[PDB]
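Scroll down for the structure; my scribbles are underneath it.
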Ligand SMILES: Nc1ncnc2c1ncn2[C@@H]1O[C@H](COP(=O)(O)OP(=O)(O)O)[C@@H](O)[C@H]1O
Ligand SMILES: Nc1ncnc2c1ncn2[C@@H]1O[C@H](COP(=O)(O)OP(=O)(O)O)[C@@H](O)[C@H]1O
């Protein structure tokens, strides 16, 4: 009788310790550590899936050249300079 | 396999259920520990009562009954020591289990604080990619863009 | 009963005894200051 | 008036008794300080609607 009571007084603690360890392990496989980049952590798999689509839609419709960006920026600067100069000069 | 985003939410819900299950199991563990502590206290109380009875029995001057009572209380003292030994380790173990649960809680909260941002970024990107296949570019003329197919038709 | 009493304690941690000591000392400081000034005001 | 007999024990008891009421008063004063600030914003929303 006493032996059985003693064993029943420990089954619960052992179950709790097993469950805590299982949950602790199951935490890792989702995120783990930020610097993993292991493609096993579910966040990196989402990140690669994002970048794949972002590049795939870029291939179909090419982005404008940096030369075009420089040209349009300079055109905007020339425009605003002309407006400000004539705008100061009109009230004068 | 399946799309990662749906299994992300499914796994997070399952993890929530497992966490509350762990909380309940730890509650039962601390309950049983308290019960064992109470039983140890009761046993030592009974041993003290037997010692007190022997104290009054010795007043007669017949030491034989005192010897009988003192030999009787030895088993109870041994049982009290046996339970005191086990408590000395169960108390040190439950604290570490509680610490593990406390850390897991914060980790889960942190992951749930980012699932939404990741889903929003995924939806924005897929919509941005889908915007193209209808029209794309005015000079695209790929016959895949739905406007050029209508124009040729 | 004990299971529920511990389970609701896990969800909302009780304060550490250090906080209890601190608040007890704060109460003692308050009562001593009040009684000292309270004696000294009529004097 | 309790300290008037010259025995400070009753004064100590009364001062220890009033501490709970002071704490409760402060607890309610903390909550009023935010409820008053929130009801005004709700009223403004209603007025604009
Ligand atoms: N301390 C650490 N810092 C950064 N990354 C780590 C660290 N420890 C492990 N990793 C990551 O773990 C990954 C290896 O896991 P992986 O090879 O994907 O698992 P499997 O072998 O099951 O495919 C590496 O990409 C590495 O970035
Ligand atoms: N910068 C651009 N200016 C004009 N048209 C472009 C540009 N980039 C891509 N295209 C268009 O993309 C089209 C090619 O797509 P297409 O070969 O029909 O797709 P798929 O390979 O799926 O059949 C070409 O007709 C071309 O006009």
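Residue numbers (our numbering), protein chains in the order written: chain S, 1040 to 1131; chain R, 199 to 351; chain W, 42 to 84; chain G, 30 to 78. Even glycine gets a Cβ: it sits at the ideal position worked out from N, Cα and C.
Going by DSSP, residue 199 of chain R is part of no alpha helix (DSSP H) at all; its letter is neither H nor E. A contact between stretches requires three or more CB pairs, one per stretch, nearer than 8 Å, and the stretch 304–316 of chain R meets this requirement with the stretch 1062–1078 of chain S. Membership of residue 49 of chain G in the alpha helix (DSSP H) is indicated by the continuous run 37–77. If you draw a straight line from the Cα of residue 1093 of chain S to the Cα of residue 1086 of chain S, it comes to about 11 Å. Under the DSSP assignment, residue 1052 of chain S falls in the alpha helix (DSSP H) whose first and last residues are 1041–1067. Contact holds between the stretch 235–250 of chain R and the stretch 275–285 of chain R, because three or more Cβ pairs, one in each stretch, are under 8 Å apart. Below 8 Å, enough C-beta pairs join the stretch 41–50 of chain G and the stretch 66–75 of chain W to call them touching: three or more. Counting the other Cβ atoms within 10 Å of the Cβ of residue 68 of chain G gives fewer than 16, which makes it exposed.
8 Å or more divides the Cβ of residue 1055 of chain S from the Cβ of residue 234 of chain R. When secondary structure is reduced to three states using DSSP, residue 42 of chain W falls in the coil class, being assigned neither helix nor strand. In this structure, the straight-line span from the alpha carbon of residue 1116 of chain S to that of residue 1109 of chain S is close to 11 Å.
For residue 51 of chain W, the residues of chain R that pass the 9 Å Cβ criterion are 221, 224, 225, 228, 296 and 299, in the order they occur in the chain. Chain-ordered, the chain S residues with CB closer than 8 Å to the CB of residue 302 of chain R read 1059, 1062, 1063 and 1066. Proximity of chain S to residue 234 of chain R at the Cβ level (cut-off 8 Å) is accounted for by 1048, in chain order.
Closest by C-alpha distance to residue 1079 of chain S, out of R/250, R/202 and R/255, is R/202. In the structure shown, the three-state DSSP call for residue 81 of chain W is helix. Distances taken from the Cβ of residue 1094 of chain S to the heavy atoms of ligand 2 include none shorter than 7 Å. Between ligand 1 and residue 53 of chain W, a heavy atom-to-CB distance of less than 7 Å is absent.
Taken in chain order, the members of the stretch 57–73 of chain W whose beta-carbon sits within less than 9 Å of a beta-carbon on chain G are 68, 71 and 72.
One Cα belongs to residue 209 of chain R, the other to residue 223 of chain R, and the distance between them is close to 21 Å.
Between residue 206 of chain R and residue 351 of chain R, the C-beta gap is not smaller than 8 Å, which leaves the two residues out of contact. In this structure, residue 339 of chain R has its beta carbon less than 7 Å from a heavy atom of ligand 2. When the Cα atoms are used, residue 1084 of chain S and residue 216 of chain R turn out to be separated by approximately 24 Å.
Pairing residue 51 of chain W with residue 221 of chain R gives a Cβ-Cβ distance under 8 Å. If you draw a 10 Å sphere on the C-beta of residue 285 of chain R, you find fewer than 16 other C-beta atoms in it, and that means exposed. Residue side-chain check: residue 311 of chain R keeps its Cβ at 7 Å or more from all non-hydrogen atoms of ligand 2. Looking only at R/295, R/204 and R/339, the smallest Cα-Cα distance to residue 1081 of chain S is reached by R/204. In this structure, residue 1104 of chain S has its CB at a distance of at least 7 Å from all heavy atoms of ligand 2. Identification of residues in the stretch 34–53 of chain G having a C-beta nearer than 8 Å to some C-beta of chain W yields 37, 40, 41, 44, 45 and 48, given in sequence order. Neighbourhood of residue 81 of chain W in chain R, by CB distance below 8 Å: empty, with the nearest CB roughly 49 Å away.
When 7 Å is used as the limit between beta carbons, residue 319 of chain R is near these residues of chain S: 1089, in chain order.
For the pair residue 325 of chain R and residue 1095 of chain S, the Cα-to-Cα distance works out to about 13 Å.
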